[PDB]
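Next up: just one chain, as structure tokens, the form deposited in one PDB entry.
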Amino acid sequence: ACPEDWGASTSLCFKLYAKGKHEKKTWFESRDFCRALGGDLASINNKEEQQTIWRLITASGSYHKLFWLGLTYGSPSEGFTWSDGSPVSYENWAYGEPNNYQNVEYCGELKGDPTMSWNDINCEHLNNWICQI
């Protein structure tokens, strides 16, 4: 059971926020937006959660879009973490990622195509985002 307009059409209550360029957000702004609603940026802990999100993407009819996930670099010994505190065990990094390109990439984004792959990118980029509750 999810709140109205969340989850499919854990309780798997993910929600896509696809936005035009004047409404996209940095990673921190997206984290704060999802947390203000009582949730967090989406963590993808297994293939079932990945399928839930992919199916929501297909229903919105817009492909290839980039979305912030809850991926954020921790300490050097931790590497990438989920903002919700869950362990990063399941991974779906794109080929060669995370690559910390130019040493400035400390947040993770989802490429909303069938591969559902993750890429590290600069946290101050403006992206779409996905929340969970």
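Shifts are known only where both forms have a C-alpha. Under this definition, the rigid core comprises the largest set of C-alpha atoms superposing within 1.5 Å between the forms. Position 1 is the first residue in the sequence shown; the rest follow in order.
Another form exists, deposited in another entry; not displayed. Remarks below refer to it.
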Does the C-alpha of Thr58 move 2 Å or more between this form and the one not shown once the rigid core is lined up?
no
If I superpose the two forms on their rigid core, does the C-alpha of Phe33 end up displaced by 2 Å or more between this form and the one not shown?
no
Just checking, between this form and the one not shown and with the core aligned, does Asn45 shift 2 Å or more at the CA? no
What changes in the other entry is the Cα distance between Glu109 and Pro87, by 3 Å or more; the two atoms are farther
Evidently the Cα separation of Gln102 and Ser30 changes by 3 Å or more in the other entry, so the atoms lie closer
The moving segments between this form and the one not shown, taken as three or more consecutive common residues whose Cα atoms each shift by 2 angstroms or more on the rigid core, are 79-105
